[PDB]
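What follows is a single chain, given as structure tokens, in the form solved without the ligand.
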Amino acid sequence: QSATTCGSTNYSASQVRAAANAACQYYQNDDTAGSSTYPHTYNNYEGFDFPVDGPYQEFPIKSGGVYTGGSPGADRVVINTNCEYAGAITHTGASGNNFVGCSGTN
């Protein structure tokens, strides 16, 4: 990854990488962060043009640190089953329960 803006929230390349790595670690361990269902399957029903092939996993990304449970916020990182980074999406600026891309994900 690169630095990305989700809504108006800015994340550095390192922050994206950290979230992605955590996502991978949980997925490969067949575990979830706390009582949450993250990471879990991500269905691209909206048609994001990800640079990598699926299937996908989504996991929250937040400014304050790697997600460990609790409220996930509006932002997510998307990785494939090989832990290849697919992109960053957010509920910010989307209607209903949909997502829009963070900068760089279209």
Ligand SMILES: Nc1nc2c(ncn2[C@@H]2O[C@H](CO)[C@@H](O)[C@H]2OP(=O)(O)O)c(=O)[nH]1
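Numbering starts at 1 and runs along the sequence shown.
Another form exists, solved in complex with the ligand; not displayed. Remarks below refer to it.
Of the listed positions (43, 63, 71, 29), a single one reaches within 4.5 angstroms of the ligand by any non-hydrogen atom in the deposited bound form, namely 43. Taking the partner from elsewhere, residue 82 is found to have every heavy atom lying beyond 4.5 Å of the ligand in the deposited bound form.
Using a 4.5 angstroms threshold between heavy atoms, residue 98 counts as touching the ligand in the deposited bound form. In the deposited bound form, 58, 76 are the residues of 52-86 with at least one heavy atom within 4.5 Å of the ligand, listed from first to last.
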